[PDB]
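Everything on this sheet refers to the single structure shown next.
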Amino acid sequence: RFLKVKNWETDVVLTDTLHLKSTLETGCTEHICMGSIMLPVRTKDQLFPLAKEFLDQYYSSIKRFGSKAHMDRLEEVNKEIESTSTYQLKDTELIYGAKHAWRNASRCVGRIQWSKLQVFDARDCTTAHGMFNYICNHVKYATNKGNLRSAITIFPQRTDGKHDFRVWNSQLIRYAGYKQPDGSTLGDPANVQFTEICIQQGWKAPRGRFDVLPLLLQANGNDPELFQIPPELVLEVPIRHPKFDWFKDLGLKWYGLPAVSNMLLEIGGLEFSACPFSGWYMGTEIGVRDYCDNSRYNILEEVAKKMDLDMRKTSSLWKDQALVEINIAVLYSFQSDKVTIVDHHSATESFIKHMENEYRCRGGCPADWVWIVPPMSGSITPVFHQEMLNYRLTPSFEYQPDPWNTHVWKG
Amino acid sequence: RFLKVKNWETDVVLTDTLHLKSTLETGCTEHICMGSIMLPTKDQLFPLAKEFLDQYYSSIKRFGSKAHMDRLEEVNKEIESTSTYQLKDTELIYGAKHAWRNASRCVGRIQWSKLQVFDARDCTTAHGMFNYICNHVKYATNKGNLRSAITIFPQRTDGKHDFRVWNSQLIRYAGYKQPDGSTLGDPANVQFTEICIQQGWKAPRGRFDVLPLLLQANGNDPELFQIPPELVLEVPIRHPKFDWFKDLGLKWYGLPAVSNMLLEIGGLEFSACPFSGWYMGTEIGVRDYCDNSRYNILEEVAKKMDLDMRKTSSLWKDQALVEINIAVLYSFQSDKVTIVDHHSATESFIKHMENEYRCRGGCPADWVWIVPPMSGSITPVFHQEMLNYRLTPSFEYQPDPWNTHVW
Ligand code: HEM
Ligand code: HEM
Ligand SMILES: Nc1ccc2c(n1)CC(OCc1cccc(CNCc3ccccn3)c1)=CC2
Ligand SMILES: Nc1ccc2c(n1)CC(OCc1cccc(CNCc3ccccn3)c1)=CC2
Ligand SMILES: C[C@H](O)[C@H](O)[C@H]1CNc2nc(N)[nH]c(=O)c2N1
Ligand SMILES: C[C@H](O)[C@H](O)[C@H]1CNc2nc(N)[nH]c(=O)c2N1
Ligand SMILES: [Zn+2]
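Here it is in structure tokens:
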């Protein structure tokens, strides 16, 4: 069964066959669409089918399907599962798996880069101190003095679920948030709950508006431990505007390196619960969401006042006007400091090219329109007018519950 | 099975049971979501009519009354004999308001119960259609105090006798290819503007030529009718700060009146049911003016603002887009024409959703269409989870008549 999608601005039509390789479920049915729902322990029973499918994929990609290298690997994995109840990926399989989990991330507009991913194998890690060292090296490598490089670091896979490696931070670099007695919030409101855990675990909080959070690292199911990232590794950019001199006086900065650390990487049935990865920012992540979301820094009002906008009625679009200037300042500041960043016009244009290329060479490109379209100026980007098919391929990145809600404390 | 939707900006959680009353299919499966796809006999008729009469008499708190059961057998006998049936005026008004209420792609549905229904089922000719349409336009326009209205022409009988308004909206600007190569006027209406000329229309060949109406009664050839200009309220577009904005020579009409959709009530199909409300600002400013496939005046505006158009990272398009949309709102508001900005409209819809979860058990909603085409995340609906499902009565798409009509 072939499926077509249409770009309604160019009339280009594309044919998806790759959705036939879709295993997982979307959450949708014939009678309901959960397209906008934000979120819609494994035995030897189902593992070898999951492993064989991944290995079939792996050996297809290298043009050795059905070879003796392929059949022996299948046999090897079979005997390892039936006797050890799990198995270990070769280095080549891990690299392929990580790259394809990114390739398969239907919510990711940056997937034109998916094949230039630097994979750090940290499966020999055993302790939190060891995790910190692997994360420090990730951050240094990925940052590259502002010439950002995509990287993932993969910690040991889950076994019985009682010995998990987890990074308790949602991103490796994030600012603290502090609920004040008067109901206001100092710093990033997104991070208040994590900040409180850190403070309870012994972190001395500087209690400023842009304090880099410590790393809270869990090795082998042990209680997590605190580590401070060396500040010389945390590249930050002061935010100024090319024409508004008062903008620097808002005292804003952001960090250079977006590095998501709370997701789960699934490869051939194995679960890598700690797999922090990083690329580089699209400016609207900072300028639109991080600064202008009502539940975040919410500097829209203050930028609006300083611009002297008509703030009495919303139909003056003072919010829209302030949001554009903030986003201009974010891109100006990063480019002025030679830190890698991409505006939403460039990134969505690249995604369309990637997606057409993926339809031609792969037969499909799963894509989540709700997440691909940028949070500002949606329809003047080319993805807005693009029909998109969303379906789940493996290897994949998955959500997982926050570890402080599942963790058994040792004391 | 009793589904939850979360607002991530406010943690408000709503519980949806109305989706279990859903009947039609979404185009999605558990293996693939089609949420971003633009378009996915005598015996099926009595179940359909029963469903609709069941909710109708429930909505007036007379479910299982003699009147209910009498109407049910009455319609059943009508179907057995005449192979169709006719709606009472009250059921017709109900079905129209609820088709709007069920329109999961419509952000303006907080207004759904104030719809003015014009029963035009006695109409038999295109001249008759034109008359009903002129009355509609003048009622809905209300000298700029816009009012929602629908006009319902006779229902389909056998596909041979369809009533159809060939225009996509009652009021739309003409578009022409140039010998030079580009497009003068509205590019979305190029093929229809051609059908009109290739029908007998004499185009002024301007930028903002109000298209004539092309009306089809009882399945005959359609006929051209010029809507009287004094019924077509237009707003000249100026900017409240930039005096050079007037010189761009832009205007838009005040009445969005969609006329190519099909209204389905109790299994009956109304192929001609033009309806009208009022504009959200971004429909004109973002889509009509700045889509590359439309008027696409973004570069000219940014140029006139002396913005650095050399790299995309200056966000010159974004800066221009906002000014254009400030101008549309300022123009309509100054001329006392109803218009809503995307901030007000989405805030209304969140309230409307809360109302529907409270008083109805849910509200079908299509996030891809509810979220405005600019400034998405600073509006409350961006952070709102929504469940999309197809309830009936409903407005449906139908093929363009010029691909179907036996000429
Ligand atoms: C290199 C530049 C990259 C850019 C510009 C980029 C851009 C984005 C953006 C804007 C989002 C949506 C997040 C939001 O708006 O809240 C996203 C999601 C995502 N990205 Fe990328 N990305 C990049 C690299 C990567 C890499 C290296 C990986 C993994 C190896 C990755 C995997 C994902 C995943 C799994 C999601 C889904 C998030 C979720 O489901 O919540 N991306 N990306
Ligand atoms: C009164 C003020 C109204 C506002 C502000 C409004 C707003 C909107 C907007 C912005 C859209 C998306 C259109 C686009 O992006 O081009 C839409 C779609 C729609 N509206 Fe409303 N609308 C209003 C009234 C009505 C009325 C009176 C009806 C019918 C009686 C209606 C039925 C629909 C339908 C069926 C759709 C979706 C059409 C489709 O599936 O493509 N609307 N509306
Ligand atoms: N420039 C780049 C480069 C790479 C990546 C990103 N950006 C962004 C990204 O995703 C970032 C994200 C944003 C919102 C919610 C989540 C999901 N995690 C928390 C949560 C909160 C609320 C509801 C559900 N889930 C994750 C992954 C990779
Ligand atoms: N202010 C108001 C008030 C009421 C309404 C509207 N606005 C707007 C509206 O419909 C807005 C629309 C937008 C794009 C495409 C379509 C559908 N046109 C047919 C088509 C052709 C080709 C591809 C896809 N679809 C419709 C209905 C009612
Ligand atoms: C590809 C996508 O289905 C198409 O461009 C849609 C996206 N969302 C939209 N949303 C609204 N309100 N109106 C539209 O015309 C569209 N177009
Ligand atoms: C309700 C909705 O699913 C949710 O707010 C989504 C919408 N689309 C998004 N798109 C991106 N890129 N990032 C997001 O966090 C979200 N949030
Ligand atoms: Zn779906």
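Line by line, the protein sequences are chains L and A. Counted the way the UniProt record's numbering counts, the first sequence spans residues 299 to 338, 348 to 718. Counted the way the UniProt record's numbering counts, the second sequence spans residues 299 to 338, 350 to 716. Here a beta-carbon is modelled for each residue, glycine too, at the ideal position from N, C-alpha and C.
- Checking the DSSP bridge columns, you'll see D428/A partnered with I461/A.
- Within a 10 Å sphere around the beta-carbon of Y394/A sit 16 or more other beta-carbons, which makes this residue buried.
- For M589/L, same chain residues with a beta-carbon under 8 Å away, outside a window of 5 residues either side, are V416, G417, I648, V649, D650, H651, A654 and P681 in chain order.
- Inclusion of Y588/A in the 7 Å shell around ligand 4 follows from its C-beta lying nearer than that to a non-hydrogen atom of the ligand.
- In the three-state reduction of the DSSP assignment, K304/A falls in the strand class.
- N712/A is classed as exposed because its beta carbon has fewer than 16 other beta carbons within 10 Å across all chains shown.
- The beta carbons of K626/L and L607/L sit about 6 Å from each other, so the pair counts as a contact at 8 Å.
- Residues of chain A whose Cβ lies closer than 8 Å to the Cβ of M662/L do not exist, since the nearest Cβ in that chain is about 12 Å away.
- With 7 Å as the limit, the residues whose C-beta approaches any heavy atom of ligand 6 more closely are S334/L, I335/L, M336/L, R414/L, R596/L, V677/L, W678/L, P682/L, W306/A, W676/A, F691/A, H692/A, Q693/A and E694/A, in sequence along the chain.
- In this structure, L479/L has its CB at a distance of at least 7 Å from all heavy atoms of ligand 2.
- Leaving aside the five residues that flank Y666/A on each side, the residues in its chain whose CB is nearer than 6 Å to its CB run, in chain order, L312.
- Looking at the DSSP output, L493/A bridges to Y485/A.
- Checking the 7 Å criterion, the Cβ of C326/L is within range of a heavy atom belonging to ligand 7.
- Within chain A, the residues placing a beta-carbon under 8 Å from that of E323/L are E328 and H329, ordered along the chain.
- Residues of chain A whose Cβ lies closer than 7 Å to the Cβ of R596/L are, in chain order, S686.
- For the set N476/A, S368/A and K447/A, the Cα lying nearest the Cα of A458/A is the one of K447/A.
- It is roughly 14 Å from the alpha-carbon of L616/L to the alpha-carbon of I633/L.
- If you look at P356/L, you'll find it isn't in any beta strand (DSSP E); it sits in the alpha helix (DSSP H) that goes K351 to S368.
- Straight-line measurement puts the Cα of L479/L at about 16 Å from the Cα of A429/L.
- The distance from the Cβ of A581/A to that of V474/A is about 5 Å, consistent with a contact at the 8 Å cut-off.
- At a C-beta separation below 8 Å, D644/A has no neighbours in chain L, since its nearest C-beta there lies roughly 14 Å away.
- Under DSSP, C331/L forms a beta bridge with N697/A.
- Using a Cβ-Cβ cut-off of 8 Å, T621/L counts as an interface residue toward chain A, since at least one Cβ of chain A sits closer than that to its own.
- Within a 10 Å sphere around the beta-carbon of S643/A sit fewer than 16 other beta-carbons, which makes this residue exposed.
- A497/L is positioned such that its CB atom lies closer than 8 Å to that of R603/L.
- Identification of residues in the segment 624-637 of chain L having a C-beta nearer than 7 Å to some C-beta of chain A yields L624, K626, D627, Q628, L630, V631, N634 and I635, given in sequence order.
- Contact between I635/L and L624/A is confirmed by a C-beta separation of about 5 Å, below the 8 Å threshold.
- Look at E532/L here: in three-state DSSP terms it is strand.
- Annotated as proximal: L542/A and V646/A, with beta-carbon spacing under 8 Å.
- The beta carbon of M570/A sits no closer than 8 Å to any beta carbon of chain L.
- Within the segment 567-620 of chain L, the complete beta strand (DSSP E) runs of at least 3 residues fall at 571-574 and 577-579.
- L572/A and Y706/A have their C-alpha atoms some 9 Å from each other.
- Exposed is the label assigned to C668/L, since fewer than 16 other Cβ atoms lie within 10 Å of its Cβ.
- Contact between the segment 368-378 of chain L and the segment 371-381 of chain A is absent: fewer than 3 CB-CB pairs across the two stretches fall below 8 Å.
- In this structure, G417/A has its beta carbon less than 7 Å from a heavy atom of ligand 4.
- In this structure, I335/L lies away from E382/A, with their beta-carbon atoms at least 8 Å apart.
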